[PDB]
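Undergrad: below you'll find the sequence and an experimental structure to go with it.
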Amino acid sequence: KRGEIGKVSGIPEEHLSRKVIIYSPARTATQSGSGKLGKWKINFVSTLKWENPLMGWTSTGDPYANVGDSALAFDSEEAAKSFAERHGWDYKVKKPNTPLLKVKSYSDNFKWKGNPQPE
Amino acid sequence: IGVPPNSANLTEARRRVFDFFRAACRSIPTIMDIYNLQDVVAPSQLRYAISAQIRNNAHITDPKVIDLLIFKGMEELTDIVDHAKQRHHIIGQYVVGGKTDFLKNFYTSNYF
Amino acid sequence: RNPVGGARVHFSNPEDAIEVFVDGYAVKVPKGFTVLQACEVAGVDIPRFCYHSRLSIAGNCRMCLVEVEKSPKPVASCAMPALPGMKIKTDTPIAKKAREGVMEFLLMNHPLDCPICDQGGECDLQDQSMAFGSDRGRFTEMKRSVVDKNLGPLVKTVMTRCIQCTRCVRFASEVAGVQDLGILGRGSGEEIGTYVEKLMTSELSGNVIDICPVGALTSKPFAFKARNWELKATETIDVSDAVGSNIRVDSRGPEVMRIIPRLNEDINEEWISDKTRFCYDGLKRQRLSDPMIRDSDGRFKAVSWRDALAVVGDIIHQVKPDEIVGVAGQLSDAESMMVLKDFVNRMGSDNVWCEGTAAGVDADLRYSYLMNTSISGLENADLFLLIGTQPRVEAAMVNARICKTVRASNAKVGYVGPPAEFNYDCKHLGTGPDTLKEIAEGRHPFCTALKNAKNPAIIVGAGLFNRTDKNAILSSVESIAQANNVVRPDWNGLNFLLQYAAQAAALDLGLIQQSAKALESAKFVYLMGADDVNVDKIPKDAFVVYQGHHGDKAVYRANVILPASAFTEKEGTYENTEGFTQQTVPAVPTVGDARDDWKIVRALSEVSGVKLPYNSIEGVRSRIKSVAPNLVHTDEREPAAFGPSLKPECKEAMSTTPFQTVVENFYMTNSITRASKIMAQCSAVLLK
Amino acid sequence: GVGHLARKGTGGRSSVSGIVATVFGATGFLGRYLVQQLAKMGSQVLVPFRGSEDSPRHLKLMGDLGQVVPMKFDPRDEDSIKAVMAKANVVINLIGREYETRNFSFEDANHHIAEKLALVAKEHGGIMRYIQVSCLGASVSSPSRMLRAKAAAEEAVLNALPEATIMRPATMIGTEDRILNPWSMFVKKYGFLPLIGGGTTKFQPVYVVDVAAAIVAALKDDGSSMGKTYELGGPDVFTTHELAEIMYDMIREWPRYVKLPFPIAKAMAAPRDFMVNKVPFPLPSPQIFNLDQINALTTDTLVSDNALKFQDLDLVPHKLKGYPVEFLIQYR
Amino acid sequence: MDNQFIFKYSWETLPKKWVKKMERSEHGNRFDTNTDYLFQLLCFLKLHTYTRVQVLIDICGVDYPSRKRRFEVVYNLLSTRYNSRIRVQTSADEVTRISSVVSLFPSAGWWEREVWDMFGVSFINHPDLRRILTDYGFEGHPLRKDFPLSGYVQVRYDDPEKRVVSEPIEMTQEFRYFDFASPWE
Amino acid sequence: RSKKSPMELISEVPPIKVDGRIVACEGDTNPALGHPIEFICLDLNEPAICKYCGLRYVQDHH
Ligand SMILES: NC(=O)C1=CN([C@@H]2O[C@H](COP(=O)(O)OP(=O)(O)OC[C@H]3O[C@@H](n4cnc5c(N)ncnc54)[C@H](OP(=O)(O)O)[C@@H]3O)[C@@H](O)[C@H]2O)C=CC1
Ligand SMILES: CCCCCCCCCCCC(=O)SCCNC(=O)CCNC(=O)[C@H](O)C(C)(C)COP(=O)(O)O
Ligand code: SF4
Ligand code: SF4
Ligand code: FES
Ligand SMILES: [Zn+2]
């Protein structure tokens, strides 16, 4: 990793040694549209959150709590890999699962069972 | 004055590093007076601090990255020369400073 | 251009490939694709309401109407087959005017209850109404209404929002296999229902919540809790069974809101079971969060991590090396099992095993405990022989694909085991070991079909491994496999189906029990999340340590409790029944002072004066690489190397005791579901 | 005694430590640092105060929102103390006075209040950790009346609660201390610094931040501190002369010492002693000529060679020559 | 005078090796040029009789993390004499120094300082290139897409230290990101 | 009567008698000041509840 851009960027050294996941989010199961597909994202695995003991709000101490979901998006895997390489982040890539178009026809709903077999 | 043109080789980058280091070293007397660092730090511990920063940033081989690092260091030096930053800030950045590491981190929290 | 959603078109041959013009663009599709599929290949995404790629075609909604040159009227692209030279048009005024007509008809009797609908920010009806619909409504008369009906404790039903796409009916008839739902009535008064008052008892019944494009069918436990835009989506996998379904955990802060499926053509194929979907409730109940040690009177006091580790490390040095027993759980990941095995081995013991199939099984060759036929490869089988297994309760998705193969390829299923309920037609060959002898010798009528099947598929269950005659049964099955060809270079048929998520990784790592009478002559037992073992076998003098995340019967007998993190809170590798390695992604923070299992075991090793070379999660995976190097090559489809010929001849005698059922309560299997509130009202009204 | 802390954050301002402390007398010198270090870990602090509502105003900044809750109370009344102590797993006592008010004598302000606070914690079972802060020279034979009262409060607290740790620091140095600041004020007002003993008595100044960190570490212990009496002292054994030399070094003025033997300073501090009674109950408090302090500065006060210290809590005191005394540049 | 005339004139008069992309639309006539020809183009467009562009409206940067040349620097120009607007764009990554135009337009100084502060793009021959908007000692360039919205450090008063201090950020309520994107877009 | 929660207050309003098989609930006398129109089917024995108001409607005769 040639994280020179990470050194000349301004990110603190503690946050430059994070482990990220480069992945392409898949289509939701509750909708049939395929518009929010093809974009690649960097997941910082920001899970350290707790509950405010005054109002129950969700508190955090991680700056990269919503960056990869809100602003940082890429059009291809190579772009995200290059970004992580230049920022010195240890990354692993999750290849997306894609559907396979099989042969389906309306006539298969109405198919002959076969001659009555007294087996 | 103006920002110098981007360097073309590593020798020019090294020359700029040395020039910046010399300028920072000449800036040491001014800081000891602008901020009450007389009875605080030796006039060489700070010099060692800049040397240590240059040395732990010494694995860069890209002239553009070296020039950007020099520019950022010069900006920091100019800010410190002015009264812009607070007194403890430089004393908080520019001062030189048993069972198992894993077991202490385990006793601390789950998030290493 | 690329197909919509990165869809992969499989051309069997280059010759059988017609050419169509979706929008003036040359598109090559195989003979058999429809106009909608051809448009999907050409990057054009057609509106749809009643069409689902996993359900039979039924052109009800009339929303995918397009224009074809040699057609006087618009054609339903979902059902119209693609013809060579056909010129499709999607963005013409005809197709538009059809789409705003159909949307206007669909939004005519629909109730004005978007704000209270749980499908609010994720509805296909309103999303397509905004895009392909009109702007102003011409309808002012009175709308129709229907009463709501109870379908159980899992599916909330508001049938006024039904658009009558019959996708739920088709799913129940084809995929679920339990025909209990249908379209009742005629005309605008037609309704979806069971007619009689009955509840959805299918293990795949929760999938009707996703196939429903509107808020007519919604989750009852996840009713009004949150909206979709409030939820962070994490792509994780299942640990409830050994199938390892790809799920998507949605959370709002430090708690998990819901679990929905995720596409994986090779494992789950867009479906998950009811135990997967509603197991998120137990992740927030009865969670161990603090280290605890019993007092003199017999009560657990909360103690710091340092003192609990000190106590266990002090007691571990007072027992003989062979007196130490370490038992892994069914939810354990591979790294924690490797750490536990190393720890116990360095202490001088060799008794490390898993909750379930750990009775002495030989994991020496890796084809004897894996689905040597891939799950997706079961679709090419012509005859399934289920020897002592009930996939409906053990591996619900394997049962789903078996039902798919039976209803599509007219395959035959022969079942040898205890009486049970099947969602497909099965012939009850027998109920015990004697049936296997009958099959092996021949003259049995099912043997004719077995030997006259091109691709037979024998599926042995993990429950056949706790028996005393295990070697004899595994030899009879192998004899059947050899005599009636099922294992060939072009097709492998012999399959073994595991029930626990950790069994495959445990067998790969060598976590196999050595002595049968090891938990009776023990003095220090480290239950690493293993609460599915009968603690009454443990002697009363043993020092039992329970390291897990949920409280169960093992807690009432443990001396030290070490809190742990759940599968939604850690990075772990799990292996499927088919040998496919996947990784979980953390979604929510760990609760209380709980740590990852491998961290707790390594810290215990350090306190017990045993050095472990590795100190990080990457160090563990390097150690695993020297034991099971296929557990670090995640997302790789590595087939088995050798076959059943290597096994030494074992002339034992098959017992006479009939096979048993391993899963009695399908909704009460692991500790997370055992602590859930949904799984109680599901095991109380849905199980008969 | 584990169960008084449960970390629920990153150890920052918005983090959550499972500590809910009631710090009596937190409006003084040490309280301003103890409450700040308690709030930094995410611990809720209840600050009971008396009199004006502006006294605890500066403590609200330390917590995030509701972490610091000032509550009025009256030491004479007992139900107020119980009300301000209900929601508390930890109680810290900092109540003490070095001069004498006609409303509260040396015994009342140092011993009886501590007794009442210990008793109320006794009936209100549930305080896991109780800390009472005496002074290093506390002994029954001490000529100073304040130190004897603090010692008696020590036995009272230990008897009423054997689990109560007694942190026993020495003379504190800080931005708002009552030893260095009065000296500089006198120097800027009269030109010379009087020495009530000729700059001979030896004592062990300690940084107030070090004492606050010691109390914090005693709270966040492994259980060893329970029922112990630490003696918090500085690294260097200074004297009244060498400390004044450092003060002149910081204040940048030419030294000028007026040596004064013990009898003359004792007789010069005497007038306030027998004039505590008058038409007004309040009377100008002593600054450098407290009779009690003069008596306390007759016997050398050093940390016991056979008693618990800073290094028994894994703490290193600051050297009171640089940062600890940097506040003296305001008179420069 | 107009987008139809300016485009055709600049097509002919301008040297071809300068501009490599010329969009002519109603949203704005743009010129995309290499960073080593920006000063030449802007000096030509400031002195030519028929393209008297004498006003530099502003200089902005746009962050595209998916591109190799990450940052896009846009020069919005105005011609008072002919009542027309021209936009000139270049592209630069994080370690390239583009030429400064303060020599031609004196108002370019503060906008170039703001671009350097917000994106980290350095300008050659700029009289003084220091941060203009962010706090003194600010680390990082906020207007980048990878910079967190709330930043990395937070400011509070430290009573023992008797000064305003900077501490790592810790939100009492984190920013809730709502994903309203539709799959039918 | 602050002791009564809104659930208990809406559980005390008697159901509205409707002659037909379906009723339209708007939530207020003035339609623009209520909730979106809700058509409720009165083809059961239990009173039918408006999902916005909480008001219950029951069939009058049959
Ligand atoms: N050099 C030092 O400062 C040393 C201090 N100590 C001990 O440390 C403890 C605190 O240190 P410090 O902060 O300097 O003490 P301070 O005198 O500076 O603060 C005194 C606190 O006690 C409260 N208090 C005093 N008398 C009464 C009373 N009669 N009833 C109720 N509350 C009262 C005050 O409240 P109000 O302000 O409203 O009266 C104030 O909050 C004291 O007990 C002191 O003896 C030990 C050794 C040396
Ligand atoms: C109070 C003062 C304020 C400002 C203080 C300074 C703050 C910023 C500190 C500087 C930050 C930087 O990284 S700017 C300097 C960074 N640039 C480099 O390190 C160039 C790569 N190093 C090399 O080429 C060699 O190792 C070399 C070290 C040159 C010598 O070795 P040789 O010649 O044998 O080859
Ligand atoms: S199903 Fe869709 S359109 Fe109908 S009310 Fe619910 S969100 Fe609105
Ligand atoms: S209930 Fe849902 S899936 Fe079933 S027919 Fe109605 S809209 Fe379609
Ligand atoms: S999707 Fe084709 S008619 Fe409904
Ligand atoms: Zn209503």
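TA: Looks like it arrived, so ask away. Numbers count the residues shown, from 1 in each chain, chains lettered A, B, ... in the order given. Ligands and ions are numbered 1, 2, ... in the order given.
Undergrad: in a strand, residue F:24, correct?
TA: Yes. Per DSSP: H, G, I helix; E, B strand; the rest coil, residue F:24 lies within a strand segment.
Undergrad: which residue sits closest to it, ignoring its sequence neighbours?
TA: Spatially, and ignoring its direct neighbours in sequence, residue F:24 is nearest to residue F:39 (5.3 Å; Cβ to Cβ, 6 or more residues apart in numbering or on different chains). In this view, the C-beta of every residue, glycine as well, is placed from N, C-alpha and C.
Undergrad: and that neighbour, how many neighbours does it have?
TA: Residue F:39 is flanked by 16 other residues according to other Cβ atoms under 10 Å in any protein chain shown.
Undergrad: my guess is it contacts residue F:20. True?
TA: No. The criterion here is Cβ atoms under 8 Å, and residue F:39 misses it with residue F:20 at 11.1 Å.
Undergrad: give the contact list for residue C:409.
TA: Contacts for residue C:409 were tallied using Cβ atoms under 8 Å, 6 or more residues apart in numbering or on different chains; they are C:379, C:381, C:382.
Undergrad: next, the residue of chain E found nearest chain F: secondary structure please.
TA: Proximity to chain F, evaluated over chain E using Cβ to the nearest Cβ, is greatest for residue E:180 at 21.4 Å. When classified by three-state DSSP, residue E:180 comes out as coil.
Undergrad: once you drop chain neighbours, what's closest to it?
TA: Nearest to residue E:180 is residue C:229, by Cβ to Cβ, 6+ apart, at 5.5 Å.
Undergrad: just residue C:48 next, same as before
TA: residue C:64 (5.3 Å).
Undergrad: residue E:165 sits in which helix or strand?
TA: Using DSSP states H and E, residue E:165 sits in strand E:163-168.
Undergrad: got the buried residues for that strand?
TA: Buried residues in strand E:163-168, counted by 16 or more other Cβ atoms under 10 Å in any protein chain shown: E:165, E:166.
Undergrad: show me where chain E has its strands.
TA: All strands of chain E, identified by DSSP state E, fall at E:19-23, E:30-33, E:55-63, E:71-79, E:84-92, E:97-99, E:122-124, E:153-158, E:163-168.
Undergrad: how about a markdown table for those strands, with distance to residue C:26 added?
TA: Below are the strands of chain E laid out as a markdown table (distance: least, Cβ to Cβ, whole Å):
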| stretch | distance to residue C:26 |
| --- | --- |
| strand E:19-23 | 30 |
| strand E:30-33 | 33 |
| strand E:55-63 | 37 |
| strand E:71-79 | 35 |
| strand E:84-92 | 35 |
| strand E:97-99 | 44 |
| strand E:122-124 | 49 |
| strand E:153-158 | 57 |
| strand E:163-168 | 58 |
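Undergrad: for the chain, what spans make up the helices?
TA: No chain was given, so I picked chain A. A:4-7, A:67-70, A:77-87 (DSSP state H).
Undergrad: switch to chain B, please.
TA: Here chain B has its helices, by DSSP H, at B:10-26, B:28-34, B:45-56, B:63-81, B:87-93, B:101-108.
Undergrad: I'd say residue C:283 and residue C:670 touch.
TA: No. Using Cβ under 8 Å, residue C:283 is not in contact with residue C:670, being 11.5 Å away.
Undergrad: in terms of neighbours, single out the busier of these two.
TA: Remark: of residue C:283 and residue C:670, residue C:670 carries more neighbours, 26 against 23, as counted by other Cβ under 10 Å.
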